[PDB]
Novice: 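Please see the structure below; I have some questions.
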Amino acid sequence: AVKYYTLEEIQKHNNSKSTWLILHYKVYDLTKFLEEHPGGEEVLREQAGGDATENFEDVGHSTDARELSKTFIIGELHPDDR
Ligand code: HEM
């Protein structure tokens with residue numbers, strides 16, 4: 001099965017308690033990763049609640065970084081919002 005979230009609900013996860021973002025139509029919960037991110041917290045909080053695919057690819061993350069990202073996936077963007 002697969003959980004689908006709308007842009008409207010993802011948008012609400014941009015506070016001190018929860019940080020979600022979209023990358024290639026998948027939704028990631030990065031709340032507990034903020035302090036471990038080599039690129040810092042600041043760059044993640046700025047994109048919280050929205051689609052950060054371009055910024056993510058613009059920095060050109062390594063293969064290991066991408067393999068690690070999969071552990072934070074909690075669902076996908078609802079087909080209707082794509
Ligand atoms: C989905 C979770 C993400 C993971 C698992 C992740 C992981 C990492 C890792 C391991 C690095 C070290 C370099 C590398 O291995 O490529 C890194 C660096 C970086 N990340 Fe991320 N990252 C994520 C999302 C993002 C996003 C969404 C942004 C941008 C909004 C971002 C911005 C950066 C920057 C600025 C650097 C440093 C690049 C430099 O040194 O020039 N990351 N990230």
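The residues of the chain are indexed from 1 along the displayed sequence. Order of appearance sets the numbers: ligands from 1, and atoms from 1 within every ligand. Both backbone and side-chain heavy atoms feed into the values below; hydrogens, waters and symmetry mates do not.
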Novice: May I ask whether atom 20 (N) of ligand 1 is less than 4.0 Å from at least one protein heavy atom?
Specialist: yes
Novice: Distance from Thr53 atom OG1 to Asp58 atom CG, nearest 0.5 Å?
Specialist: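 So the OG1 of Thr53 and the CG of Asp58 are separated by 11.5 Å.
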Novice: What protein N/O/S atoms lie closer than 2.8 Å to atom 21 (Fe) of ligand 1?
Specialist: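 As for protein N, O or S atoms lying under 2.8 Å from atom 21 (Fe) of ligand 1, they are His37 NE2, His61 NE2.
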Novice: Is the closest protein non-hydrogen atom to atom 38 (C) of ligand 1 under 4.0 Å?
Specialist: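 Within 4.0 Å of atom 38 (C) of ligand 1, no protein heavy atoms are found.
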Novice: Look only at the side chain of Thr19 and the backbone of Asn14, and say whether a donor-acceptor pair between them is shorter than 3.5 Å.
Specialist: no
Novice: Considering only heavy atoms of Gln47, which atoms of ligand 1 have at least one such atom less than 4.0 Å away?
Specialist: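 Going through ligand 1 atom by atom, the ones under 4.0 Å from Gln47 are 30 (C).
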Novice: Examine the proximity of ligand 1 to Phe72 and report which part, side chain or backbone, both or neither, has a heavy atom under 4.0 Å away.
Specialist: neither
Novice: Counting N and O atoms only, with roles assigned by atom type, does the side chain of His61 sit under 3.5 Å from a partner on the main chain of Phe56, one being a donor and the other an acceptor?
Specialist: yes
Novice: Nearest non-hydrogen atom to atom 1 (C) of ligand 1 belongs to which of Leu23, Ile73, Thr71?
Specialist: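 It is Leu23 that holds the nearest heavy atom.
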Novice: Can you give each donor-acceptor pair under 3.5 Å made by side-chain atoms of residues 39-48, sequence neighbours left out, with the distance rounded to 0.1 Å?
Specialist:
| residue | atom | partner | partner atom | Å |
| --- | --- | --- | --- | --- |
| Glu41 | OE1 | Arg45 | NE | 3.3 |

Novice: Do any non-hydrogen protein atoms sit less than 4.0 Å from atom 15 (O) of ligand 1?
Specialist: yes
Novice: Quick one: does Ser62 get an N or O within less than 3.5 Å of an N or O on ligand 1?
Specialist: yes
Novice: Compare every heavy atom of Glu9 with every heavy atom of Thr6, then report the nearest pair and how far apart it is.
Specialist: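 Between these two residues, the closest heavy atoms are N-OE2, 2.8 Å.
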Novice: Under 4.0 Å from any heavy atom of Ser69, which atoms of ligand 1 are there?
Specialist: 1 (C), 5 (C)
Novice: Under a plain distance cut-off of 3.5 Å, with no hydrogens placed, do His24 and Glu57 share a side-chain donor-acceptor pair?
Specialist: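 Note: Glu57 and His24 side chains meet the donor-acceptor criterion.
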Novice: Mind checking what makes salt bridge (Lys or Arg N to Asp or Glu O under 4.0 Å) contact with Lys70, not counting sequence neighbours?
Specialist: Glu67
Novice: Considering heavy atoms of the protein only, find what lies nearest to atom 3 (C) of ligand 1 and give residue, atom and distance to 0.1 Å.
Specialist: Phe33 CE2, 3.8 Å
Novice: Tracing side-chain links under 4.5 Å among I, L, V, M, F, W and Y, which residues wind up in one group with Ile10?
Specialist: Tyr5, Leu7, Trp20, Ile22, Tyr25, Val27, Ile74, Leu77
Novice: What is the distance from atom CG of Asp64 to atom CG of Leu68, rounded to the nearest 0.5 Å?
Specialist: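 Spacing of CG (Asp64) from CG (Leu68) equals 8.5 Å.
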Novice: Tell me, do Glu76 and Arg82 make a side-chain contact under 4.5 Å, heavy atoms counted?
Specialist: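 Yes. Closest side-chain heavy atoms under 4.5 Å.
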